Every structure is written in C-alpha cells, then in structure tokens.
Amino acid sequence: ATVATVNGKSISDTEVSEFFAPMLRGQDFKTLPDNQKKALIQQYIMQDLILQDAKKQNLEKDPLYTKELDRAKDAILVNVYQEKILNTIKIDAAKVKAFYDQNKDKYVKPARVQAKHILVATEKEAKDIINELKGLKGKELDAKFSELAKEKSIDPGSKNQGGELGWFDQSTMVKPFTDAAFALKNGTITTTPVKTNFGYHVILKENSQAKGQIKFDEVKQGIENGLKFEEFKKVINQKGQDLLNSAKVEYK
C-alpha cells in the first residue's frame, strides 16, 4: 500500500517495512504508533532522495562504489552458502545428554571457605594469640579475633580489615594454609599454628560451601550450543575439503 508519493512516485509500506526490518528486530512496521510510522517514512524518503541524487552525480561509476559492491556481492553469496550448511545441523537429545553424563564430574561448583587469619613471624606468637582466644566461641570469638588481627597481624593485605580474606577455593592459595582452613569446623579457629612461607597463621573459619553438582537442566542449552558449533565447523571444513580436492590447483 502507498504511504507516500515523491515527485509522483509511490512509496509502499512494504519497502519502508523491508528497509527497517533489521532495526525493528521482529516487531512489524504495521504495529508501530502513527507518529513512529511517519518518522520512519520520512527517514526512508530521505534515503530515497539521497540515492536519486547520488545517481544524478553518477556515483555508481565511482570505484568506491563498484569495488565495494563486488566485495559485498561475493561476501553475501559465501554467507548464504554457509547459512544453508548451518541449517542442516541438528544435535539430537541423546548427544547433549551423553556429553553431560560423560563430563558430569567437571560440571561442579568447587568447595569454598570463608575465613579470617592472623599472621605473625614466630611459632610462639601464634600460640599466644591461640591462647588469648582459647575458650571463646561464636560472635565473641569473631570480635576478639578481628581485634587481635588489627593489633598483631603482620599481613598488610588483611591486618587492617580484622584479617578478613573473604570466600576462596583450594586453587586460590598455598596448600598448607588451604589444608587447615578446609579441615576446620565453621566458627572455629586453628588450635595449632599453621606454617607457610609467610610465617605462622591463626585461622578463624566463618563459613563453608561444599562442592556442588551442576544439574543437566542448568547446562543443557549451553552444551547443545557448543556441540552445534563444533559440528558446524566440522561440516564446513569437510565441505571446504571436498571442494579443494575436487579442483585442480597449481601454485606458481
């Protein structure tokens, strides 16, 4: 249908609609409010008049045009070709499931701990802190700990924050520290100094999170996307092989 005429010539809703369809992302031109339709019609007419003026200035013979049009024409055909190939790719339920089942033990959230620490240079300093805190529990142990860390900790990274280290996993830090911190019960301190390259630590564990299993439903779309893409690449490279072999090719 004709939504405008320009120097006598009809502009359809069809051509306006097709021009803007990329930008509309699936919303149909016809469903826009009258004033949005009108703005898009104006914009399209302006595009149309710039085209007429460009031809009037013979810009279709400009090599900036013909060379880029040659390029676009080849690139669009190659893309349509690879798109027909993409449309033959389907991963059935069983492959998706089968990939999950095969990798089940890698679809996990790793165990974490939330802890504070106090660092000091000497085994005996660490025992004395341990002493000062012996027999205390819960939020009282926590407050006193942090106060001791601010007071006596030699770790510049945390001393000021009451020894806070936040949540962390086993990948994160040195095993001997990691070992003691995973072994503790929540709300408790290392009753023996932990020895590292940094010195002697006292650790207070606030919380823990056990290794968690990720479920198939959580990851299945991701698995499918990744299998489709791998399959697409295999089919495309195979094709690229059939065509090359097939041809007689000499390098000069």
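The first residue of the shown sequence is 1; numbering continues from there.
Of the two segments, 171-179 and 107-115, the one listed with the higher mean B-factor is 171-179 (C-alpha atoms only). As recorded in the PDB entry, 157-165 is the stretch of 67-75 and 157-165 with the greater mean C-alpha temperature factor. Residue-level inspection of the entry shows that, of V194, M46, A54, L40, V194 has the top Cα B-factor. Per the PDB record, residue ranking by Cα B-factor puts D28 in the middle third of the chain. Placement of the Cα temperature factor of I189 within the chain: highest third of the modelled residues, per the deposited record. Annotation for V96: C-alpha temperature factor in the lowest third relative to the rest of the modelled chain, per the entry. Remark: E206 belongs to the middle third of its chain, ranked by C-alpha B-factor as recorded. Sorting the modelled residues of the chain by their CA temperature factor places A121 in the highest third.
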